[PDB]
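Order of the sequence lines fixes the chain letters, A, B, ..., with proteins taken first and strands second; residue numbering starts at 1 for each chain. Below, all heavy atoms of this structure are taken into account, side chains as well, without hydrogens, waters or symmetry copies.
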Protein chains: 4
Amino acid sequence: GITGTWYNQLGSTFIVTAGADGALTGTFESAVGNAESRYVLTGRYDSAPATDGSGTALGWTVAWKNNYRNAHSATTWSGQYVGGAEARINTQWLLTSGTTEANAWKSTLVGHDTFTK
Amino acid sequence: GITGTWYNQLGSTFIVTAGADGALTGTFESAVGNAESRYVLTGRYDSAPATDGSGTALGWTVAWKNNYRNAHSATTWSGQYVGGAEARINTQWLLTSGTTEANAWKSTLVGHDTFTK
Amino acid sequence: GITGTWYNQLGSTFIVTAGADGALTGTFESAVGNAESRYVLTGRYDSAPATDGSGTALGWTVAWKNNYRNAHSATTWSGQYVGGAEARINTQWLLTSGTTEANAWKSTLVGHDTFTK
Amino acid sequence: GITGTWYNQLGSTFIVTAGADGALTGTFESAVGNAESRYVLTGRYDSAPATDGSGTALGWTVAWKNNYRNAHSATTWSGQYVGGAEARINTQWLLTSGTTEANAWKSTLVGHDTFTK
Ligand SMILES: O=C(O)CCCC[C@@H]1SC[C@@H]2NC(=O)N[C@@H]21
Ligand SMILES: O=C(O)CCCC[C@@H]1SC[C@@H]2NC(=O)N[C@@H]21
Ligand SMILES: O=C(O)CCCC[C@@H]1SC[C@@H]2NC(=O)N[C@@H]21
Ligand SMILES: O=C(O)CCCC[C@@H]1SC[C@@H]2NC(=O)N[C@@H]21
């Protein structure tokens, strides 16, 4: 259910593979930020989710460095995959920039991303 | 650097390998919550950090399933590594549990972990 | 334009008054969790927002104690009012529960609520 | 145990009164950011906490507008008060700044502040 191409509401594109070993691999292309072109992502997901019918927990990270640019920052998405005819991957994320210790207080942005097929 | 065995304020053990490609790989062992023994982890980090004094942005994910147990959940840690004198990794984290859609408002915990050696 | 009766995506009811000094006062009624009927809320908003299309920052707090129940918890919403046809209030919130110190790591839930009238 | 003067790790000064009804009122002075002098705060706390050694849930909001300047932004702190010889208020916070809708994705900073007497 997770393997595939996914899109968030910012227009970003999440390309991923969910391996049988609980691993997540692919690329992310931000529609915003100090970004351009695809960035490597990787993460993990629950390969044996609950019987009851709850979403499948997962999470992944992108460090915003690629051959084209480096924003000295990383985002992690934490959320759950939700099957349906309207499958969704519902996330909250944390984006931390490298800062001096003085500015550490403002190092991290927080947001929410909803991904659709 | 970032490669090594680290411990957070809770006494959790974070065993990690920072690859020249920007990969993070190791194991996480949780002192608390619905967990036992080590869990696979994967993440990303800025392989070419700023030099002026900024920390090195990083992130990683744990899906809380292994050979012994499954919490049907996953945490992502987002933070910056601060090295030199007493190296530190300062993070913020999101722990998302699979849930029913009606319980989704209460799927995600938020916190902060600080790690040293 | 903040003064009014708002509903979030969960169906909870936010009845607010934005005073001329920057105060938010009213009641919150949650459709979910360990709550029933109305709770006092209080908070602040930017009385002089910029005039560049930027939204209006605000925040409020509810302690989940009232004459019928006490969950021994508090939520705070931080966000901005967005004017227009579809006037909206977009927030992120933090729900802290009184825990012991050993359980504090899991004291705080995080989410995001969008309100309309 | 909450009424009085408290200090966070960043130097800021939180002067607060916890009223009998669960009211938090007072004033915040920030050592950091787009702030000068003191700002009004208001919030709520659990005035009937548990007796099982659990902490006391509370939160407050600051809108960063006062007589001297306006950052067009607001912070909410959500946390719990822990008394004893080593009394503290442990919080996590969300700082939302007014922004256009296109920049809403980067509107909110998240962090944590520990307050001491
Ligand atoms: O550091 C930067 O500015 C680039 C980060 C990428 C932009 C963020 S990550 C969270 C959110 N979801 C997206 O698709 N884009 C933004
Ligand atoms: O409880 C679960 O869902 C699985 C165990 C999670 C433990 C969390 S992850 C964030 C925090 N840091 C730790 O070392 N442990 C907790
Ligand atoms: O469960 C509790 O401890 C008290 C009820 C809190 C309900 C939460 S507050 C954030 C979210 N938005 C709502 O309208 N309800 C939930
Ligand atoms: O930057 C602004 O818009 C005004 C100053 C904000 C101060 C922030 S609120 C979170 C953090 N904790 C503090 O004590 N100060 C900063």
Side-chain angles (χ1 to χ4, degrees), chain A residues 18 21-25 28 39-66 70-82 84 88 90-104 107-110 112, chain B residues 21-25 28 39-66 69-82 84 88 90-104 107-110 112:
Chain A
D21 63 338
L24 246 31
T25 325
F28 201 103
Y39 293 82
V40 171
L41 66 97
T42 190
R44 312 276 304 164
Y45 77 100
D46 179 6
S47 62
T51 294
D52 62 35
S54 322
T56 294
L58 33 73
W60 69 87
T61 313
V62 167
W64 304 91
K65 180 212 173 256
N66 61 16
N70 196 350
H72 298 310
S73 61
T75 283
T76 69
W77 288 258
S78 183
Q80 42 193 139
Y81 157 73
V82 184
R88 342 116 191 87
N90 290 313
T91 71
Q92 314 200 247
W93 51 258
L94 293 176
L95 153 62
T96 311
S97 309
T99 62
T100 65
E101 268 313 87
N103 306 322
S107 72
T108 306
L109 292 173
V110 68
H112 40 92
Chain B
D21 27 51
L24 252 14
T25 58
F28 207 97
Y39 289 86
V40 165
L41 66 82
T42 199
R44 299 292 294 167
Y45 80 98
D46 190 355
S47 50
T51 72
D52 121 68
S54 266
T56 308
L58 82 167
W60 73 89
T61 303
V62 172
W64 298 99
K65 174 179 139 49
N66 66 8
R69 165 212 224 96
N70 201 343
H72 305 309
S73 67
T75 285
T76 58
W77 295 253
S78 186
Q80 73 192 87
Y81 149 80
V82 221
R88 195 160 292 267
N90 298 316
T91 66
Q92 284 230 283
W93 57 253
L94 302 161
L95 159 54
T96 307
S97 299
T99 68
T100 70
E101 208 118 65
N103 291 338
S107 57
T108 328
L109 293 169
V110 56
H112 44 96

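A donor and an acceptor atom, one from each side chain of B/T108 and A/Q92, are located under 3.5 Å apart.
Between the B/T42 side chain and the A/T42 main chain, no donor and acceptor come within less than 3.5 Å of each other. Using modelled atom types, no side-chain atom of A/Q80 and backbone atom of B/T96 make a donor-acceptor pair closer than 3.5 Å.
In terms of heavy-atom pairs under 4.5 angstrom with chain A, the leader among B/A74, B/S78, B/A71, B/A104 is B/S78. Counting heavy-atom pairs under 4.5 Å between each of B/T75, B/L24, B/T99 and chain A puts B/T99 at the top. Interface remark: of the candidates A/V82, A/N103, A/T76, A/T76 forms the most heavy-atom pairs closer than 4.5 Å to chain B. Taking chain B as the reference chain and counting heavy-atom pairs below 4.5 Å, the highest number among A/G79, A/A102, A/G22, A/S73 is found for A/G79.
Residue B/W64 does not touch chain A at all, counting heavy-atom pairs closer than 4.5 Å. When heavy atoms are compared at a cutoff of 4.5 Å, A/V40 approaches chain B by way of both its backbone and its side chain. Proximity to chain B (any heavy atom under 4.5 Å) is shown, for A/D52, by neither the backbone nor the side chain. Of the two parts of B/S97, only the backbone, made up of N, CA, C and O, holds a non-hydrogen atom closer than 4.5 Å to a non-hydrogen atom of chain A.
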Please set out all donor-acceptor pairs under 3.5 angstrom arising from side-chain atoms of residues 53-63 of chain B, sequence neighbours excluded.
unit_1, atom_1, unit_2, atom_2, d
B/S54, OG, A/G98, O, 3.3
B/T61, OG1, A/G59, O, 3.4
B/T61, OG1, A/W60, N, 3.4

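In terms of the side chain to side chain donor-acceptor pair (under 3.5 Å) criterion, B/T91 has no residue partners (sequence neighbours excluded).
Taking every heavy atom of both residues into account, B/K65 and A/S47 meet most closely at CE-OG, 3.3 Å.
By the 4.5 Å heavy-atom criterion applied to side chains, A/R88 and B/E101 are counted as neighbours.
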